[PDB]
Amino acid sequence: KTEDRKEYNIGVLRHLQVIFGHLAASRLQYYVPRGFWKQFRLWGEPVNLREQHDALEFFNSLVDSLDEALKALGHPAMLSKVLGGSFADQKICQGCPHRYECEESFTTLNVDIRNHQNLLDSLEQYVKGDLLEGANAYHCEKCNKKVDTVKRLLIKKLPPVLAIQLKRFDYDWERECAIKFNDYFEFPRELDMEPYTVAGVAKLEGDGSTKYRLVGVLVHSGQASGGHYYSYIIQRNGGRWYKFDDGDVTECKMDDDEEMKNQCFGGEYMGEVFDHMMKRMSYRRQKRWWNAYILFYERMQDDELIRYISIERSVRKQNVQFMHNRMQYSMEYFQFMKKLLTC
Amino acid sequence: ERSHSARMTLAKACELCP
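Protein sequences, first through last, are from chains A and B.
Take the first sequence: its letters are residues 5 to 347, numbered as in my numbering.
Take the second sequence: its letters are residues 622 to 639, numbered as in my numbering.
Put into structure tokens, the structure is as follows:
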């Protein structure tokens, strides 16, 4: 049913729009997404509120539904234009001058973490690519033969905001369950795409900013089956980072590099164990199960995002209802009662 | 201190104490 899905996509947009309005002006500490949980269904199937799932699966379903709703309402894809990009898959043969190139759209960047230690290192893996040789040599359709070809992936279009997924999950067949990797990994606060873009490789080989600033760090802490999700996010202020976990919004000291390592960089550490009523001291190697999952990078109010191509009522009432009840249970009110009665 | 199976017993008991 295309009509049902069109309303499904639009209904998500309305529910999501409400969430932006509330967090902008609701005077309560946090908001309970009643409609968001009811409206959204993961790949059509309803979302179980007591079931852990991959955020990307929710992320992929969400970004698609909003794009469909925008298209259904005549607007362009807000997130695809700002967050989505396009890979430039290149096939260069060594024995023949034939070159094959194609474009692949995407939403987030997936980088290998087991064989890499820093976000830079996993990023030349795209630039360097893979070499097909021997029986695996790429079969050139024009040459009708197998020839060595360097298959590399390069970013063609640079979105204003860059999404990177930190691949720390896979499946273990011996355990017959999903497993998490807490490998130590690195990433800088300011990141440069230019050497890794199509233009940069062409510039180096010899034939619009490219710098990005990290603003969001999604962190997982727990098992692959379960665990917890929370974010560390920068505030665009005229004169910072914050700790976002569930309904709690607080400050953070992760601007320091040591706290950067302890929380998001993850990895091994030789932990100290305290036990036996502080009489037995022991050293055990420990895994930082708290580590980054998805990163957001920002390049250094757009009318084109408002231009066509193809409620504040719930906000106000929940403000009024709360601040009415907040005064009822205020300690100065109870003291007003005591003075009023005992006077 | 002054005896093998007791080692596990004491360790298991040392977490059981209040």
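Don't be surprised by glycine CBs; every beta carbon is placed ideally from N, CA and C.
(message) Could you compute how far the alpha carbon of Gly-226(A) sits from the alpha carbon of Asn-52(A)?
(response) Taking the first residue of the first sequence as 1, we reach residue 226(A) at position 222. Taking the first residue of the first sequence as 1, we reach residue 52(A) at position 48. Looking at the two C-alpha atoms, the distance is approximately 19 Å.
(request) Report yes if the C-beta of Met-264(A) is less than 7 Å from at least one heavy atom of the ligand MG; otherwise report no. (result) Ligands in the displayed structure: none, and consequently the ligand MG is not present.
(request) Starting from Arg-303(A), trace the beta strand (DSSP E) both ways and give me its first and last residue. (result) Taking the first sequence and counting its residues from 1, one reaches residue 303(A) at position 299. In this chain, the beta strand (DSSP E) harbouring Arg-303(A) covers 294–303.
(message) For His-232(A), list the residues DSSP reports as bridge partners.
(response) Here residue 232(A) corresponds to residue number 228 of the first sequence, with the count starting at 1. DSSP output for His-232(A) lists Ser-225(A) as bridge partner(s).
(request) Take residue 348(A) as the anchor and find which of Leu-208(A), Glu-108(A), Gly-88(A) has the nearest alpha-carbon. (result) Given a span of 5 to 347 for chain A in the structure shown, any question on residue 348(A) remains unanswerable.
(request) Label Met-197(A) either buried or exposed according to how many other C-beta atoms from any shown protein chain fall within 10 Å of its C-beta, with 16 as the threshold for buried. (result) In the first sequence, the residue the question calls residue 197(A) occupies position 193. Buried is the call here.
(message) So, with DSSP's three-state summary, where would you put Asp-307(A)?
(response) Residue mapping note: residue 307(A) aligns to position 303 of the first sequence, counting from 1. Note: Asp-307(A) maps to coil in three-state DSSP.
(request) Using only alpha-carbon positions, find the residue among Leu-299(A), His-328(A), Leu-17(A) that is nearest to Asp-71(A). (result) Taking the first residue of the first sequence as position 1, residue 71(A) is located at position 67. Considering only alpha carbons, the answer is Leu-17(A).
(message) Let's see if you can read the secondary structure: which residues bound the beta strand (DSSP E) around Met-274(A)?
(response) Here residue 274(A) is taken as the residue at index 270 of the first sequence, counted from 1. Looking at the DSSP string, the run of the beta strand (DSSP E) that includes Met-274(A) is 272–279.
(message) Assuming contact is defined by CB atoms lying nearer than 8 Å, are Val-319(A) and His-26(A) in contact in what I supplied?
(response) As a working mapping, residue 319(A) is identified with position 315 in the first sequence. As a working mapping, residue 26(A) is identified with position 22 in the first sequence. Closer than 8 Å, so yes.
(request) Check distances from the C-beta atoms of the region 270–301 of chain A to those of chain B and list, in chain order, the residues that come in under 7 Å. (result) Of all residues in the region 270–301 of chain A, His-280 have a Cβ within less than 7 Å of some Cβ in chain B.
(message) So the candidates are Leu-136(A), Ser-314(A), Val-154(A), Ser-229(A); which of them puts its Cα closest to the Cα of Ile-183(A)?
(response) Taking the first residue of the first sequence as 1, we reach residue 183(A) at position 179. Closest in C-alpha terms to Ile-183(A), from the list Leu-136(A), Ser-314(A), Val-154(A), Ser-229(A), comes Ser-229(A).
(request) Taking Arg-288(A) as part of the beta strand (DSSP E), name the residues at either end of that continuous run. (result) In the first sequence, counting from the first residue as 1, residue 288(A) sits at position 284. Its beta strand (DSSP E) spans residues 284–291.
(message) Determine whether the beta carbon atoms of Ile-159(A) and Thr-201(A) lie at a separation below 8 Å.
(response) Position 155 of the first sequence holds residue 159(A). Position 197 of the first sequence holds residue 201(A). Yes, Cβ-Cβ distance for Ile-159(A) and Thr-201(A) is below 8 Å.
(request) Can you tell me which of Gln-56(A), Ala-81(A), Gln-325(A), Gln-43(A) puts its alpha carbon nearest to the alpha carbon of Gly-231(A)? (result) The residue labelled residue 231(A) in the question sits at position 227 within the first sequence. Considering only alpha carbons, the answer is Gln-56(A).
(request) Name the residue from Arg-240(A), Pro-199(A), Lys-343(A) whose alpha carbon lies nearest to the alpha carbon of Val-219(A). (result) For the purposes of this step, residue 219(A) is identified with residue 215 of the first sequence, where counting begins at 1. Checked all of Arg-240(A), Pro-199(A), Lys-343(A); the closest Cα to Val-219(A) is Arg-240(A).
(message) Under 8 Å: do the region 129–145 of chain A and the region 262–278 of chain A share three or more Cβ pairs, one atom per stretch?
(response) The region 129–145 of chain A is not in contact with the region 262–278 of chain A.
(message) Whether or not the region 299–314 of chain A and the region 67–81 of chain A are in contact is what I'm after, with contact meaning three or more pairs of Cβ atoms, one per stretch, closer than 8 Å; do they touch?
(response) Yes, the region 67–81 of chain A is in contact with the region 299–314 of chain A.
(message) Would the region 336–347 of chain A count as touching the region 251–258 of chain A if we require 3 or more Cβ pairs under 8 Å?
(response) Short answer: they don't touch.
(message) Is the separation between the beta-carbon of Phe-248(A) and that of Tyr-188(A) shorter than 8 Å?
(response) One-based indexing of the first sequence puts residue 248(A) at position 244. One-based indexing of the first sequence puts residue 188(A) at position 184. Not in contact: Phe-248(A) and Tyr-188(A) (Cβ atoms no closer than 8 Å).
(request) Have a look at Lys-155(A) and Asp-58(A) and give me their C-alpha separation to the nearest angstrom. (result) Working through the first sequence from its first residue, we reach residue 155(A) at position 151. Working through the first sequence from its first residue, we reach residue 58(A) at position 54. One C-alpha to the other measures close to 29 Å.
(message) Short of 6 Å in beta carbon distance, which residues of its chain neighbour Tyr-301(A), apart from the five on each side in sequence? Order them along the chain.
(response) Mapped onto the first sequence, residue 301(A) falls at position 297. The beta carbon of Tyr-301(A) sits closer than 6 Å to those of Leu-166, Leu-195, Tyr-216, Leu-218, all from its chain and outside the five residues before and after it, given in chain order.
(message) Looking at the secondary structure, which residues open and close the beta strand (DSSP E) in which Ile-96(A) lies?
(response) For the purposes of this step, residue 96(A) is taken as residue 92 along the first sequence, with counting starting at 1. Counting along the chain, the beta strand (DSSP E) containing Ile-96(A) begins and ends at 89–97.
(request) Identify every run of the beta strand (DSSP E) within the region 122–188 of chain A, keeping only runs that are complete inside it and at least 3 residues long; order them along the chain. (result) Listed in chain order, the complete beta strand (DSSP E) runs (minimum 3 residues) inside the region 122–188 of chain A are 134–136, 142–144, 149–151, 153–161, 165–170, 173–176, 181–184.
(request) Give me the Cβ distance between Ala-296(A) and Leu-124(A), rounded to the nearest whole Å; I'm assuming they're in contact under 8 Å. (result) Taking the first sequence and counting its residues from 1, one reaches residue 296(A) at position 292. Taking the first sequence and counting its residues from 1, one reaches residue 124(A) at position 120. Contact doesn't hold; Cβ gap of about 15 Å is too wide.
(request) Give me the Cβ distance between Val-151(A) and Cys-100(A), rounded to the nearest whole Å; I'm assuming they're in contact under 8 Å. (result) Taking the first residue of the first sequence as 1, we reach residue 151(A) at position 147. Taking the first residue of the first sequence as 1, we reach residue 100(A) at position 96. Your pair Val-151(A) and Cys-100(A) checks out as a contact, with CB atoms roughly 6 Å apart and the cut at 8 Å.
(request) Tell me whether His-224(A) is buried or exposed, calling it buried when 16 or more other Cβ atoms sit within 10 Å of its Cβ. (result) Taking the first residue of the first sequence as 1, we reach residue 224(A) at position 220. Burial call: buried.
(message) I need the DSSP call for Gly-25(A), collapsed to helix, strand or coil.
(response) On the first sequence, residue 25(A) is found 21 positions in, with the first residue counted as 1. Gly-25(A): helix per DSSP, three-state reduction.
(request) Apply the 10 Å Cβ neighbour rule to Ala-206(A) and answer buried if 16 or more other Cβ atoms are within range, or exposed otherwise. (result) Mapped onto the first sequence, residue 206(A) falls at position 202. With fewer than 16 other Cβ atoms from the protein chains shown falling within 10 Å of its own Cβ, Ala-206(A) counts as exposed.
(message) Taking a contact to mean a Cβ-Cβ separation below 8 Å, would you say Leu-157(A) touches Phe-91(A) in this structure?
(response) On the first sequence, position 153 is the one that residue 157(A) refers to. On the first sequence, position 87 is the one that residue 91(A) refers to. By the CB criterion at 8 Å, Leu-157(A) and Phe-91(A) fall inside the cutoff.
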